[PDB]
Amino acid sequence: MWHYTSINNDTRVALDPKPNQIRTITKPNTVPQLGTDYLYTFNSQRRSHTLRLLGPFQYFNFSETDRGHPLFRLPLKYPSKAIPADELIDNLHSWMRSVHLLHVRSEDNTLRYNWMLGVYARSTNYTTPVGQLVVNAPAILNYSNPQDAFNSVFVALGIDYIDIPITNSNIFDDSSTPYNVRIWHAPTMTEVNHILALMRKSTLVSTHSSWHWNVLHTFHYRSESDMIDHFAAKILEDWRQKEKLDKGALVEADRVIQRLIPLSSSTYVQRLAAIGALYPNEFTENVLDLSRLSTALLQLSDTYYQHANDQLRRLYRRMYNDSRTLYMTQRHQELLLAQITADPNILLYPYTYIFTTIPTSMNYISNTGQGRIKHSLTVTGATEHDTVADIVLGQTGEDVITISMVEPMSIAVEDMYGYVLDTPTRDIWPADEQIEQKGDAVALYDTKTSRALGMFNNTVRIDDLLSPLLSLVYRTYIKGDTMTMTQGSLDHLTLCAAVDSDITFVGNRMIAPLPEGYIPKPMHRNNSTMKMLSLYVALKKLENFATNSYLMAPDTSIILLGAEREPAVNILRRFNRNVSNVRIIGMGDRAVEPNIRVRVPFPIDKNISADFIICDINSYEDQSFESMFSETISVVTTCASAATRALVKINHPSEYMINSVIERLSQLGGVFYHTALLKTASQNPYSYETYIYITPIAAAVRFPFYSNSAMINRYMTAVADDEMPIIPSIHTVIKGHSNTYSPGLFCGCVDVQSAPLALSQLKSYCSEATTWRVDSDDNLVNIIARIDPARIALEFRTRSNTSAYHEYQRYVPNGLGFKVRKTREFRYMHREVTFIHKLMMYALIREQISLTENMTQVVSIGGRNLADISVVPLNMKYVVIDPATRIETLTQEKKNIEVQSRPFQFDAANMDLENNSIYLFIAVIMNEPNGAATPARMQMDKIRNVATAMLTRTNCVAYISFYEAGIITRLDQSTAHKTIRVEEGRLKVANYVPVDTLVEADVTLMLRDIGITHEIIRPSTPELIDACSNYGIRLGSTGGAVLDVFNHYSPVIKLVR
Amino acid sequence: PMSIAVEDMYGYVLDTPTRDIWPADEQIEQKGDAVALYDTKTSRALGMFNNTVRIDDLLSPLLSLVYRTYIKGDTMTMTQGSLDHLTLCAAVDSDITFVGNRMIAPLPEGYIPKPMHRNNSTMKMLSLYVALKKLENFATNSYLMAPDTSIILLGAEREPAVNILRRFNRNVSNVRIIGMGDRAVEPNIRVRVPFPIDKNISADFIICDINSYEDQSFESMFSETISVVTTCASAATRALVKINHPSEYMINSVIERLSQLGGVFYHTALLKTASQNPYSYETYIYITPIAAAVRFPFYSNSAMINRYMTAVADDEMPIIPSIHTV
Amino acid sequence: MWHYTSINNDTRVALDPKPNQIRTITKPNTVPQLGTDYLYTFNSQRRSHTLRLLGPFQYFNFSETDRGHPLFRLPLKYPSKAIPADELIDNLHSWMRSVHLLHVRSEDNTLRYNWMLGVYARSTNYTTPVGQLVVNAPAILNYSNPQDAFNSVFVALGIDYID
Amino acid sequence: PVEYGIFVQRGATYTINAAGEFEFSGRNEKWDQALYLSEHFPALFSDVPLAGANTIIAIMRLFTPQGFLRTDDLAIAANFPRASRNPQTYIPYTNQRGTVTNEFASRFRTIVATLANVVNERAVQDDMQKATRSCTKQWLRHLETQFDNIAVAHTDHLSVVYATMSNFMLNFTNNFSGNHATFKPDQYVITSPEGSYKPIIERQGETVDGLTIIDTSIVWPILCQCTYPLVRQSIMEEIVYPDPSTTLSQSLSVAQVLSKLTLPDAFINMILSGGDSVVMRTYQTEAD
Amino acid sequence: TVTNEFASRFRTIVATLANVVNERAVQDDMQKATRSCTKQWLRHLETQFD
Amino acid sequence: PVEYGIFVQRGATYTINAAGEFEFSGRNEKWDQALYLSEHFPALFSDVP
Ligand SMILES: C[S@@+](CC[C@H](N)C(=O)[O-])C[C@H]1O[C@@H](n2cnc3c(N)ncnc32)[C@H](O)[C@@H]1O
């Protein structure tokens, strides 16, 4: 694999036809075809038509009579649409028929036409001395030995050389030629040594290391810029060739060193050649913007010289001084010795300098194509920044990047219609309990809910999340892209909600095509509209479970109370336009017709009635607690007396409020109603305003009352705020290893040279940080970074400031990205519900870990790749016992970490519990290390053994998470099975096997028979506000729906001694 | 260039382990063969063939023909999730809508989509995805991702694979398709091996395809590939990690490592995709825990391994096809 | 919940691009798109064509040479049917390519182009004293601190204000 | 007006960056000759295609030269003075002995094809009578044939005179590479450390007995009232080949006069070349 | 400017006015010569304004 | 103009405190020779960078 292997051959001599072929090489009979005769592309954005001919024709100088042909006039038939094949094909057939090369057919088997000379002869209408030489003796063009082909012309003309102009490979660019080739008399190597030595005295001239037909030729440039672009394209060719030559693959390329030698040139060329011969670039299959190439490579010289060790630097300087030298790797020269041994007559550029050493330097990344980089920065590296200067990110325009308040949802259409109920648990409601909860209600009401929870409630508004999804449903409709969905299906309801017009159906499966003359206006939804739709879906899905069509039953009716319910009634009415006799009434104050406008309490004479009632009445706000209590009571009373099935919103869901509600329904009906506290997925994610489903059933409702229900806990654990909520700041300066920063972001731009340092400093605070350049022209790199508390809780365990800065140096300048288009980041990014749950759990644990005294260390079993670390204070030692945490002992030693990469043993005898240590057991009991589910009895064995080991030690606190069984019966009833879903009775977290669930009473039973003190605890709303504000994460909508049930039903056990 | 059926390109061929135990002397005897085969490189002839008949050049005329029939409107019928659909997703750089489950949405009248841009390792990653859906269950006709499930594709330049995969699964709800690896443009995360210690990637599936750093100690490639398989297995129930240097010692130390991490043995098998380069010895290893204990966990003299082992230092420079005339 | 909470910021200073961006903010290469580059609606009943440009272009005083462009002649191709996207898109692409703001590119990371002043300068064919001030010294449009951006123009022109 | 609008809005002039791409002014502004020495070029002569103003681009593409870039071979053989490292000159037209039709006359005829359609467009837009149109059209055909007549005397007989004149000893600077879009003459100066430099080339306002003022109207007599030896219709006047000795002897006379001219000043400047001096404190750093 | 904005606007004014007078002429069956004359007088004013 | 704006922002004039340090006005004002006999100096000749 070490030696280079290649089948070198002159492709240009190969391209030249035998003389008899010349009459037919124009193919007068057959029509030219793409992918063979030619290829043409319309670069749609640049509005340019590039036509490259193929085969022998690919090198061709057009006669001015050739340019008078229509085929070249074709681009001017446009802008802009691509030339239809049929016009192009036949016009090309016409001009190809037009060309009649002079030649002499011959029966000898060794002759080949001198394609270049004959084409150049014809191109000048044969008035050049080489042209008339072709005319009087066309047989001269024929040749066997490739070199003598031009020799016979030189001797016949008595001239020292010939200058051939070169056409653009694109044949639609009638523009000035960059340069022109000059074939030289040569033929002995010595004549070449002379021609080059003399060539040093000229101006803008360059040669390849080896020449086609074994005849020396030198390019001569009209201007230094044309030279720069040529040298660039060829440096790139030599790199792309070397990249596979080093991989040992066979290479059929024409010459071993495709790089040009600057026989005479400007400084920029000498430097381009010097940096070009060093092969700095890493192999890259990504498409390059070939147009900006020179600039790119010059920037690369500008970087290579800027950061190379002094000996490499001096080597590039030597290279830059002996520009007429051809520097080359030893393997290259070995290949040359091979081809000289094979063909002794061959000419090669003589003035080479072999590299005894291939230089030791990092390969540079280079993707000149579109795409912002999203670096996943590592906490530690080779470089040690003893003290770094502050980096000031120059402020960004919104033209280059915007920052919205909240990330819009990206979700499936079915997901938005996804309710998640909570059934009542307690069997009775003793009179003292009512007082004890009444005080909590009067207090929570008179002293309002947290400003942070309320701000989040009113910041991530659901309409803004849903809108891009609902808007996309609309745009596919009006352009006719949609045409198939079942009637009554949720996608149909979504179409009714995305367009303000009737939806006819030519058949049950096919949508009626949009009438040709018009485009319907987008549907107008208020923020509470989609929630009302999801409550309707919840009602049809609670009336019966298996239903596919959410259409109203015939001869049935429904009412929608509450302000501004008009869009809901419109989408509902038009959704049910097909079903016969479907009344859909509307009600509420501020309600335009069709909706009745009425105020709460409803007028005493009025007697509303339906099969269904989606009450959604808002609180009047400015009132006594006695007032909101009596008002909501009468609202539920009226909502229940009229409908067999109901779904009334509760603005202030105190345990006392809801239990007094069930007490009221029992007071009215005798037999208890079957209530459940629903929470729609289309409802605002942070809203605590849960709904209560209500329906009488023939069976008596055992356990009618709620207590400690998750829907209620969303409202109860919310309390008066201690301080004003954190507002996502966007700081620009990057201090090195400085702890102080607000939650938020790190937007800015900085010069590409100081860019690696920027990421080398940025790593201290940010788990990842996207970076890009507007263009190859731009000297700056735009940079965005979220500030994650976990990484800050990792990098700040010690004063050490290691970083992968040396690797980041390779990305400069082209390895950092490019994106002319705007990017829109968000002050609040989306994340999955389970990750947020782990954040609330880590906050619930971390804010207790601070209050405790004496315990030196945190042993977090199951803390994969230090996920648990945000819990741990910077002074504390941290130990992980996960047989999946990869070990770098340098990082263990660096951040005061210790990691035992063995499975933790749950047996009581071998357990190594210790005094004054905090044992974290977060979601580890549920799974074996390989990922197989642990049976519930085995989990009981795990908690039993851990409490048993904990009985015999001081200052030990354990936090063992467990999924409760009671969630299953919840999730089986609810539709929002996204991410968290029941399967075979086992709860399934995303990216996990379903895991069997423990019973809580059994857990407290084993924990009380063990006799150890214990506290069931679950993260609360303040924890949610803490995590979502601190990380910059925003709640998902379906995630917001599922999150309360998911959180209350995975309690953490807190053992303590 | 290859001339082949579209289904043929998605065609993995595994090799299950045979030996029931791994005695300590055998590890030394294979360790010498590994250190020797690594420090003294593989044959220049096998490597030249490995790098001459590149798979992209073979596949291209087939993949290009799939494209040309599309833009002229000649194609219009294929089932969703079918391998021909994946091939269309791989032959065209645009979204593929379906007016029905059987009928392709007609190309919009005003435009022709640009040809899809594949790097040489793209099609191999696609075939490994097909291998994963076909190893998760055998009879499947649609290779679409299951709803509310995710997958990650480690390794440099995995972008075209993630694009074709994402657009292939545009219809299925909630289908995350993450990307990773050094030199990786967005959507793909750019990260270097070893993965950062804080980072905690996770999915139902992991098609690892990490390349060797080449300029390193054998101890280095051993520890690095070991940590790569460790991370690749801890995150996914099902995995398909590439082994650049499949010595019997390497792979058996890999199974030894998985037993060292999980207790119970993983059900490994050495897969080799049909869309992989024909001469490459870089076989993949499928990895999945099972409730049953894995009897005969270890490999020896397996064909996938023999492709690498019987390769040795070349005696002479490989024959290069001359074209003589007389 | 009682105290007001807000992230106040000057949206107009935010809208202004860095100077290197100015050559490409006209986007000569890429075709403009609805919902981003612009939004246009045909109020079918009023038979009126409302076209609002977006981004930095949303605040722009057209030169009388700019009004001579076909893109502004588009509503008069009608009444009444809404302008087909393809005519509007490309005409907008033409006029957007037509605008060449004077500026000086700079490697500093803190500069932003004075979008308003440069657009107003161009709009009068640079015969206003602020306009010729932009012509002889385009680098003056560049600024870091938002306030001094207009100050440097006031001091340079010796004038008490600008309309 | 619309074509000109888009045009002049692109910029009246442009420069060439180190990248080599043209960058336009974006700013209407009359050209003045001072600009000729700078990095600027006039925009009409740029030949960068511009959308919506293609007609101006075509008419400007009527201005592209038909000649070629001859190497000043004989002058180099004779070692005549030459400021360029590779002397070259642009001949206005190639010789075309063989063809049935002069390529030069053909191109001029296509030029009058374009120009005639431009004048017909302009006439119909401006409601002109058909007769006056017939008259301009006929005058145009007339020029086309007159050009067809003199085209030989140019391509075949003036071209040689431009080539031998290209070789003369005194024509030392390069004049034109034949590419209008990127041409800029090399600008040597006589720099001095002890003074301001003197450009060899500047707008000094020495019109040289009126020589530097250019009457383009000279094309009219040349096309339409001057016979050439090569075009008899056929007297066959014998061609004159001038004795080299006359132009040679005046060239040489100019040269010797020039050297002998510089001589006395150049001698004293050599004597005093070391005489320029700088004031210099010498601080002492030793006891003695 | 290379061109007075005032003269430019007057020229577009005479563009509109000239097309209005050509419309009026062709509707009223006028001879082409008298049309050439009004059109020429219009161009004449355009340059005088210039 | 820009360099001008910075300079005049420093002040068109200055005094010289007992330390000898210059103290610029921060203010633009037209000079008058009424100032020649006072503490103030034209700032253009401060020769302070
Ligand atoms: C729940 S998972 C990691 C998720 C973790 N909560 C986090 O924040 O990233 C727990 C990990 O601990 C390891 N593990 C599982 N069971 C274990 C056990 N019984 N003893 C020690 N480690 C175990 C597994 O490798 C598993 O990946």
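Everything here concerns the structure above.
This report concerns the structure included in the present document. (Residues numbered from 1 in each chain as written, not as in the entry; some residues may be left out. Chains lettered and ligands numbered in written order. Part of a larger assembly, values for the part shown. Heavy atoms only, no water.)

Side note on the site of the ligand
Thought 1: Contacts to the ligand come from 19 residues, most closely from A:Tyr842, A:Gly862, A:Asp882, A:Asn927 and B:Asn200.
Thought 2: Residues near the ligand are shared among chains A and B, making this a multi-chain site.
Thought 3: For the ligand, an oxygen atom lies 2.6 Å from a polar atom in the side chain of A:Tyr842.
Thought 4: In the model, a nitrogen atom of the ligand is placed 2.9 Å from a nitrogen or oxygen of the A:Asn927 main chain.
Thought 5: Against a free-state accessible area of 590 Å², the protein chains account for coverage of 93% of the ligand.
Thought 6: In the shell around the ligand, the residues fall into 13 nonpolar, three polar and three charged. (Near = heavy atom within 4 Å. Polar contact = N/O pair within 3.5 Å; in protein donor to acceptor, adjacent residues only side chain to side chain. Areas by Shrake-Rupley, 256 points an atom, 1.4 Å probe, with all protein chains shown as cover. Nonpolar A, V, L, I, M, F, W, Y, C, P; charged D, E, K, R; others polar.)

Observations regarding empty space enclosed by the protein
In this approach a probe as big as a water molecule rolls over the atoms, and the regions it shows empty are the leftover space.
Residue and element names in this part refer to chain A.
Thought 1: By volume, the largest cavity amounts to about 100 Å³.
Thought 2: Lining the largest cavity are 14 residues, and of these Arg259, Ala273, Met319, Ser323 and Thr325 sit closest to its centre.
Thought 3: Within the residue set of the lining of the largest cavity, elements represented by two or more residues are strand 7 (260-264), helix 10 (267-277) and strand 8 (326-329).
Thought 4: Of all the elements, helix 10 adds the most residues to the lining of the largest cavity, at four residues. (1 Å grid on protein atoms, 1.4 Å probe; cavity = no way out; pocket = protein on both sides within 12 Å on 5 of 7 lines; lining within 4 Å. Points joined across faces, edges and corners; volume = space filled by probe spheres on them. Helix = DSSP H or I, 4+ residues; strand = E, 2+ residues; numbered from the N terminus.)

A few points about the interface of chain C and chain F
Thought 1: Across the boundary between the two partners, chain C contributes five residues, which contact four residues of chain F.
Thought 2: Interface area for chain C against chain F, summed over the two sides, is near 440 Å², with a carbon-plus-sulfur share of 79%.
Thought 3: For the interface between chain C and chain F, the tally reads zero salt bridges.
Thought 4: On inspection of chain C and its partner chain F, the count reaches zero residue pairs in polar contact.
Thought 5: Within the residue set of the side of chain C that touches chain F, elements represented by two or more residues are helix 6 (129-136) and helix 7 (148-157) of chain C. (Contact = heavy atoms within 4.5 Å. Buried area = accessible area lost by both parts, 1.4 Å probe. Salt bridge = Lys/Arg side-chain N within 4 Å of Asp/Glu carboxyl O.)

Focus: the packing of aromatic side chains
Working definition: an aromatic ring pair is given by the centre-to-centre distance plus the angle between the planes.
Residue and element names in this part refer to chain A.
Thought 1: Under the defined criterion, the tally for this structure stands at 73 aromatic pairs over all chains.
Thought 2: Residues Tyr963 and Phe1046 carry aromatic rings whose centres are separated by 6.3 Å and whose planes lie at 25° to one another, so their mutual orientation is stacked. Taken together, the residues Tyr963 in the loop between strand 33 (956-961) and helix 30 (966-973) and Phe1046 in helix 33 (residues 1037-1048) connect sequence positions 83 residues apart.
Thought 3: Classification of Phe1046 as buried rests on a relative accessible area of 3%.
Thought 4: Pairwise contacts between aromatic rings join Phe57, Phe60, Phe62, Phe72, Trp95, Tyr113 and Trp115 into one cluster.
Thought 5: Taking the ring centre of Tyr620 as reference, the NZ or CZ of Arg599 above it sits at 4.7 Å. (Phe/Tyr/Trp six-rings, centres within 6.5 Å; stacked < 30°, edge-to-face > 60°. Buried < 20%, exposed > 50% of the residue type's maximum accessible area, 1.4 Å probe, protein only. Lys NZ or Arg CZ within 6 Å of the ring centre and 35° of its normal.)

Describing the sheet that holds strand 7 of chain A
What links the strands of a sheet is backbone hydrogen bonding, and the strands pair in either a parallel or an antiparallel sense.
Residues and elements named next belong to chain A.
Thought 1: Taken together, the five strands give an open sheet; going across it, the order is 3-4-6-5-7, and neighbouring strands pair in antiparallel fashion. Two strands close off the open sheet at either side, each with one partner strand: strand 3 (161-165) and strand 7. Along the sheet, successive strands turn relative to each other by an average axial angle of 30°, direction set aside.
Thought 2: Bridge analysis of strand 3 against strand 4 (residues 179-184) gives five bridges, and the strand direction is antiparallel. Bridged to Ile162 within strand 4 is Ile183. (Pairing = 2+ DSSP bridges. Axes fitted to C-alpha atoms, helices over the stretch in contact; angles between N-to-C directions.)

Notes on helix 33 of chain A
All names here are of chain A.
Thought 1: Among the twelve residues that make up helix 33, twelve are buried, leaving the element largely enclosed by the rest of the structure.
Thought 2: When helix 33 is considered as a whole, its buried residues turn out to be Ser1037, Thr1038, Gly1039, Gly1040, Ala1041, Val1042, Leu1043, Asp1044, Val1045, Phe1046, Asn1047 and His1048.
Thought 3: Contacts from the buried residues of helix 33 go to helix 14 (413-416), helix 17 (462-478), helix 23 (710-716), helix 27 (833-849), helix 30 and helix 32 (1021-1031).

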